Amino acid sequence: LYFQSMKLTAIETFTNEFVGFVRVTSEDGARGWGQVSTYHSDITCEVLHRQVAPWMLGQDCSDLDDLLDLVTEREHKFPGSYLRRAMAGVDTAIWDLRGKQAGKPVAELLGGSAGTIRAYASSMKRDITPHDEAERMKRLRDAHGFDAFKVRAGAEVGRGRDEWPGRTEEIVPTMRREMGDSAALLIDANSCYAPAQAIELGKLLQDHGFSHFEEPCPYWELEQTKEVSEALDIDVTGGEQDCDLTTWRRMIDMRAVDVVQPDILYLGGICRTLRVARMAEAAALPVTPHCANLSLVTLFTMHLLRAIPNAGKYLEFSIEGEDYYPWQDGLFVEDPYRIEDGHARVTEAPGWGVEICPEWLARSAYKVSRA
């Protein structure tokens, strides 16, 4: 996968506090759109102009991986999330630009094709009863054709406490009883448990035919997660908060998890996610990326899953409504997230195949850096 030299002459951000989009312009005038990670995106865009753009402007992106490494090296006093959430916006915009120059969706540029991806209906909520959770999943199944469903266990980073006593013990048998025997059932504990409790819960998930046990232990304690993986046959999965490529190497080399789950934007973009996917590929681990919302993170993940040889079983697809993500409304000219028989679809449109809504841009905070 090789690309002619290109120099960026401008990087622009259009943002609010929830989401920010990035437009890059090359010296020949070609332009591409991407997105920084959601959540405090306004801070991320400030970091982008302060600490990413100065190193990327007027440089050759023909080896984008090396350029991104150089950013991390020049900003080595800033290990962590914000720098990477910012890099992700420039990286994703460059992919859009390349796709538009080639007349190919990003998925094709990465060696795949346009086509469908199986989706799982992902609930973000713990303030929902097991009863109501099953009832809405039943409705979503009937309306859109999903055949895979993720719910929540424990309390978010809950130090071993449940959301309320008994919730987790109820939700597991409830989902299997209510969804029937063929539904794929996933759960995510969001760093709640010590290994002893996580293994207990693991046996229960196994008893009820769950096939995906996400983030059972504090994600920063790789030895805890490995102890759980080792004691259980159900797939133990993780990685969504991992933005450090050294930590990724350590997690994969020790096989802490059975399925790796990078977030394309938390990790710092497509290039860096492909590094992780190739580490996992060499380790014979599948890749099932995290996507928390219907900003572009989901679409980026769709393209990735249509390309990588070790794609996991399905796309994470948030089923929360407006009420949950009121900011995610009216981001795009055309909706890229129609679901048909439980599948999402990447089209043959060049680049990401999305346009940012001009009305949303009008209301945005604009900032530009020039070479």
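Each residue number is its position in the shown sequence, starting from 1.
- Relative to one another, 292-300 and 166-174 have unequal mean CA B-factors, and 166-174 is the one with the higher figure.
- Stretch comparison (23-31 versus 309-317) by mean CA B-factor in the PDB entry places 23-31 on top.
- Per the deposited record, 231 carries the highest C-alpha B-factor of all listed residues (231, 90, 270, 282).
- Residue set 200, 258, 263, 96: peak C-alpha B-factor at 200 (per PDB entry).
- Ranked against the other modelled residues of its chain, the C-alpha B-factor of residue 348 as given in the entry falls in the highest third.
- In this PDB entry, residue 76 carries a Cα temperature factor that places it within the lowest third of its chain's modelled residues.
- The entry lists a Cα temperature factor for residue 10 that places it in the middle third of the chain's modelled residues.
- Among the modelled residues of its chain, residue 52 has a C-alpha B-factor that falls in the lowest third according to the deposited record.
- When all modelled residues of the chain are sorted by CA temperature factor, residue 68 is found within the middle third.
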